[PDB]
Structure formats: structure tokens, C-alpha cells
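>>> my complex, first installment, coordinates as in the assembly:
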Amino acid sequence: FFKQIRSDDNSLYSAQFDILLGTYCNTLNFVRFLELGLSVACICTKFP
Amino acid sequence: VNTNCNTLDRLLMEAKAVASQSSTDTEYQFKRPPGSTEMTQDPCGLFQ
């Protein structure tokens, strides 16, 4: 209950907001082992 | 600073924009006026 005793009190014209001005994210880098140079040193072999 | 237990390396966030302590315009080294706007650096007041 919030009666306006006399008439048209203040705080009936406020219009004050707050805005989410953006959003930022990142994309990981996915590396492969054979694209490196370190893999000259090994002979990888799949063996189930 | 109350967030002393909060931050890890608060050195970098307190090394930039200290306010001037002494008055830059008087004949002697008086204390700063209540509303001066100058800013200095304190490499010694940082490491004590």
C-alpha cells in the first residue's frame, strides 16, 4: 500500500535503468601433436 | 586496505596514481592544500 497522499508526488517520474552493454568470450586453440616440431624425435604407433 | 587478505598481488594496483603530499608552489614544503589536483609517483613509499 503506497498511497499518494496529496496529489502526483515526486518519484512518479524516474525512468532510471541499467544496461548490459556487451558480452565477450574467447575461443580456445586446439593443437595437434604431429603439426609440432617436437615429434621428429619419436615414432608414434597405434596399437589397440 | 581491507582487501589486503583478498588480493594476491596488489602491488601493481597501487603503483600508478598516488596523490601529491606536499605543496608544489610554496617557499617551503607545506602540507598539500585541501583540494589540490596534482599527482606524483612514490617508488620509495611503495617499497618502504
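Cool, got the structure. Residues are numbered from 1 along each chain as shown, chains lettered A, B, ... in the order given.
>>> Dead centre of chain B: give me the residue that sits there.
Central residue of chain B (C-alpha atoms, centre = their mean): residue B:18, 3.1 Å from the mean position.
>>> Counting neighbours, what do you get for residue 2?
No chain specified, so I'll use chain A. 4 (other C-beta atoms under 10 Å in any protein chain shown). Where C-beta positions appear, they are placed from N, C-alpha and C, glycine not excepted.
>>> Correction: the question concerned chain B.
Neighbours of residue B:2 (other C-beta under 10 Å): 5.
>>> For residue B:46, see how far away it is.
19 Å (C-beta to C-beta, to the nearest Å).
>>> cool, residue B:4 as well?
Taking C-beta to C-beta, one finds residue B:4 at 15 Å from residue B:46.
>>> who has more neighbours, the two?
residue B:46 (11 against 7).
>>> Provide a list of residues in contact with the more buried one.
Neighbouring residues of residue B:46 by C-beta atoms under 8 Å, 6 or more residues apart in numbering or on different chains: B:11, B:14-15.
>>> Tell me which entries of those residues lie within strands.
Under the assignment DSSP state E, the contacts of residue B:46 contribute nothing to strands.
>>> Out of those, which is nearest to residue A:10?
Nearest to residue A:10 among the contacts of residue B:46 is residue B:14, at 42.4 Å by C-beta to C-beta.
>>> does the closest residue to the closest one other than its chain neighbours count as helix, strand or coil?
If the residues on either side of it in the chain are set aside, residue B:14 comes closest to residue B:46, at 7.2 Å by C-beta to C-beta, 6 or more residues apart in numbering or on different chains. Three-state call for residue B:46 (DSSP: H, G, I helix; E, B strand; the rest coil): helix.
>>> here's chain C, drop it on:
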Amino acid sequence: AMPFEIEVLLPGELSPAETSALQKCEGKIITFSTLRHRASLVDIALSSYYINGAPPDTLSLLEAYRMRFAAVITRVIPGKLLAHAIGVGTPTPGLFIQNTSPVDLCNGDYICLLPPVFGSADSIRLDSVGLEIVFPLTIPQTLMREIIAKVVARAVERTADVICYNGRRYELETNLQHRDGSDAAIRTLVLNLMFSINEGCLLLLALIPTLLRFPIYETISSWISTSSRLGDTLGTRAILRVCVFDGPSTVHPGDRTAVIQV
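Chain C goes in next, on the same frame as the chains above:
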């Protein structure tokens, strides 16, 4: 002719326990050293009256309320704060005020300022930013001398009695032993009152003792100096007048009412 409108940018991070306390204080008087259009919440707080790096007494406020321009809080939104100057000549239309003083202002009085010379100030502690704001009391112009003198008189006796208005008496003691602090929070004023009336009741005998190395024309000048330099700080005057139209005549404490400019 426009009202000299001031804006104080309320910072963020004010916990809602404090924004909820800034609303209810709308119409209280605050002081500015210099008068601008954009102020800061620190230019209002208690840290402005610091003389010797320490909070002020009830004497330094008596000069501060004569050297710093005043301004009545007009309206507050959760984002900022808006206030109108009073002292200078400006047509500010609304200009209400809420009586913050333990007394009832009758209709058509004149209002002067006064620091909290008895008790604790119903101030506001903005802890999320680290400062406190104090608001001067609005006492009537006729009750000024009695209060400012009786507060010193009831202190000299403890170092060695009621106010009444609108037919309603107000016990100044408030039923507690305030003998600690209040006899030192007023120390600087009473101690400067001693040696300005203690010099007075002796130099008159010194001049002509038949009315009823110690220069004379130095102390006669050091007495008229002090007694006159203090003859304005304690003798303050009115700044506002409580006018009402089609409303109540008496305004109980804590309640707001409209005023005009002297």
C-alpha cells in the same frame, strides 16, 4: 533566473542498507566550500571540516557554518543526488525543509543553523566508501542565544535547566551522565570564552579603579581584538523562514515543511 542546481554523483557499490538511508534524508542542509554544478560525495562528508587532521569540535563548525555556502537537498534518485543553493539570490521554487532539531517550529519563524552542540548526530555512516555526513540542526532564531549560552553555562559548572518552546518543554539533560566527551567536545569554545571575559572584568578596574612591563596599549588591543573576532562567530543570523500555506502551523521534529529565502 534559474535555481543554482547542484548534482552529487553518488558512486556505485553503496550497499542498499545505505541507499535506503539516503532517501529518508531529503531536505537536510549541507555545506560546500566553493559552489559548483558537479560536486563529489567527499565534498559533503565530515572529512571536509578537518582542521588539525581530526574531526571538528563545536567551535570549528561555528565558523564552517559561516564560511561554507549551504545548499538544501532537493531530491534523490538511486543514482545521484540533487540540491539547490540557498545563500545567493536564486528563484528556487519548491525549497522545503525537514525540521531536524528537538523543537517545534511555529509558523512564520526564521531559521538559523547550529551544529549538534548536545548529544550525538543522527548522521549516516556510508561504510562501503569510508565517510560520515553530518547535518546541522535547524533551530529557531529566538532560541539561538539561550541554547548557545546554556550549553556553555552547564559545562563551566561541571568544569568547576530546561529549554522551552511552543509551550512544550525539552529537558536538555536527556537523563544520562554526558559528562564524558561533552565537556571536552566543547572544550575549545569554553576555554576561549574564559580568557575573553576574564580579561574583561579586570581591565575595567585597571583603567579607573574608582568606578564602584605589562603594556596597557597592547592588552587593551588584544581584548578588543578577541572579543570582537568572536562577536560574530557565535552571533549567527537567519537564512530561511518557515512559511506555510493551507497546511499545518506547527511542524513536529522529523517532519518536512516549506520555507522561503531570507
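>>> Could you re-examine the neighbour count of residue B:2 with chain C now present?
6.
>>> for the one 3 residues further on, same thing?
Using other C-beta under 10 Å, residue B:5 has 6 other residues around it.
>>> From chain C, how far off is the residue nearest to the centre of chain B?
Using C-beta to the nearest C-beta, to the nearest Å, residue B:18 is found at 17 Å from chain C.
>>> Could you check how far the closest residue to that residue other than its chain neighbours is from chain A?
The shortest distance from residue B:18 to any non-neighbouring residue, by C-beta to C-beta, 6+ apart, is to residue B:42 (5.3 Å). According to C-beta to the nearest C-beta, residue B:42 and chain A sit 35 Å apart.
>>> For residue C:52, grab the count of nearby residues.
7.
>>> Distance check, residue C:202 against residue C:193.
15 Å.
>>> and the two? which has more neighbours close in?
residue C:193 (19 against 11).
>>> quick one, phi/psi of that one?
phi -70, psi -30 (degrees, to the nearest 10).
>>> List the residues that contact it.
Contacts of residue C:193 by C-beta under 8 Å, 6+ apart are residue C:152.
>>> do the same with residue C:37
Contacts of residue C:37 (C-beta under 8 Å, 6+ apart): C:5-7.
>>> can you list the residues of chain B near chain C?
B:34-35 (C-beta under 8 Å from any C-beta of the partner chain).
>>> Run a quick neighbour tally on the residue nearest to residue B:18.
Residue B:42: 12 neighbours (other C-beta under 10 Å).
>>> then add chain D to what we have above:
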Amino acid sequence: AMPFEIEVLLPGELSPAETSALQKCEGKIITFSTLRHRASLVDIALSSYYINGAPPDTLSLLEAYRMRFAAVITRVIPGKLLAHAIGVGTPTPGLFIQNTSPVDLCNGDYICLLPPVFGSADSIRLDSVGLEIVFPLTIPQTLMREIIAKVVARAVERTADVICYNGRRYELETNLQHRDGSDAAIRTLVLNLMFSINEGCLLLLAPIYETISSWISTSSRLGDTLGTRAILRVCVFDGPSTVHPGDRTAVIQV
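With chain D added, the chains above now look like this:
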């Protein structure tokens, strides 16, 4: 509604570098024994301050700078001098003065006009009609409540000179003629000394409310009656804080 502007018909018998001598004097104070719209140049000159055919002095001008209606010269056009009164009851929306003091003026101070006392006047002289105008030095209400102390500490030394301000020494003098005028300042001092002591001062020596309630009334009247009341307050809105001697500043009524 509208400020009390005063026009005073300048006489046309003046040199071009005499009407050009009044435009270096805008923002300065004048006085008026009577207050009307239409006036004459004789009324604000030193020839009018003469007490009885006799010139004035320090303790006689200070009995005139608190018995006349001070006014500010706003803008003089060739042939007519415009001015705005002060202590009347009407507002002056745009006002300003020129600092004639030898010291600095801060913001918010209280201005009190004092006759030239520093042994160096800035008088404007007119040989055309044979007049002379005196412009009083606007002094803050602190230094003004010490110059009034020293003038009486010398005036009573007669009937039996440096003052520090903002860290500097300032030297003054006086011309105490008119024994009537140097006696008239004694009776008020001794009266206020009489009317400040009461029966309650015995505790102060070794009711107490009554005593100080009577004493503040003496303290408020003493400095106002031996000197001049504060008449103007300097309130800069955008201008720099200090007003160096000679500059113009934004003043408001008190």
C-alpha cells in the same frame, strides 16, 4: 523586482582624459547621505564628508561609512554614471567590485569598507569642477576587526605599527585630529566594558548563564559599532579562487 539603480548626471565640463579617468573606476563603491534616483556629482565627493568646513580623518570617516547608503558603480557611460545601491532591500542580480585592498581576497569572505589608512590613497582628482573622490578599501572581516583594535589602542594612547596577515607585514598610520572624535570612541568602549560584567563573573574570577547571555550581546555590538558591518560577500562561481589586488570579482549581498 528591479534593483535600485542610481543615475547621476555627470557635468559636461570635463576633459577627455577625465571621463576616461572614471572608466578606470568601475566596480568601486560610493556613498549617499540621501538616496534618490536623480543626483549630482557634488554628493559623493570629499567636499561632502566635511564635518563643519573641516576635513575628515580616520575616526570621522568611520562615523560616515556606517551612516550612508553605499552603492556600487556598475558601468559609466560618457555623461552619466550608473550605480546600484546595496543595503536597501532590493536584489542586484549581477554585481561585482574591484579589490582595492593591499591583500588577497579568498572565496566566501565578508567584505567591510574602510577609509584609506595605509598611508597611501588612490584618490581620483577633478580640477574641472574642483572635486575629489575617495574610494574605500574593501577589507575582509578579520583584518578589519584588528585595524579597529589598533586605531583605538593608539587613540587611547593619545588621551592618557605593523599587523601580520597571511604571513606578511603591513604598516599603517592615522591622523587623529578632532579631540571630540577621539573622545567619542572612549565612552562606547567603557560602556560595553561596564555592560559586559555582571554579578555572575565571581565564579569566573575564582547566574553563570545570565552573565554570558548578557555578554554575547555586548560582543556582537562592540566590533560592529567601532567599525563597519559586513556589507558584501565574495562568491566566485567560475572565476579563480583568490582575487589579487586590482581584479574584479563576483560579489553577493549580505
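>>> ok chain D is in now, so what about the contacts of residue C:193?
So residue C:193 contacts C:152, D:212 (C-beta under 8 Å, 6+ apart).
>>> Quick check: closest non-adjacent residue to the residue of chain A found nearest chain D.
With C-beta to the nearest C-beta, the shortest gap between chain A and chain D falls at residue A:10, namely 27.6 Å. In space, residue A:10 comes closest to residue C:75 once its chain neighbours are excluded; the distance is 6.1 Å by C-beta to C-beta, 6+ apart.
>>> any idea which helix or strand carries that neighbour?
strand C:69-76 (DSSP states H and E).
>>> Distance from that strand to the middle of the chain?
Per C-alpha atoms, centre = their mean, to the nearest Å, the displacement of strand C:69-76 from the mean C-alpha position of its chain is 15 Å.
>>> most distant residue from the middle of chain A?
Distance-from-mean max, chain A, by C-alpha atoms, centre = their mean: residue A:6 at 48.1 Å.
>>> Would you mind measuring from that residue to residue C:249?
Distance, residue A:6 to residue C:249, using C-beta to C-beta: 17 Å.
>>> now swap in residue C:230 and tell me
Relative to residue C:249, and taking C-beta to C-beta, residue C:230 is found at 36 Å.
>>> who has more neighbours, these two?
Counted by other C-beta under 10 Å, residue C:230 and residue C:249 do not tie: residue C:230 has more neighbours, with 21 against 13.
>>> if I pick the residue nearest to residue C:259 when sequence neighbours are not counted, what's in contact with it?
Excluding the flanking residues, the one nearest residue C:259 by C-beta to C-beta, 6+ apart is residue C:240, at 4.5 Å. Residues near residue C:240 by C-beta under 8 Å, 6+ apart: C:86, C:97, C:110-111, C:138, C:259-262.
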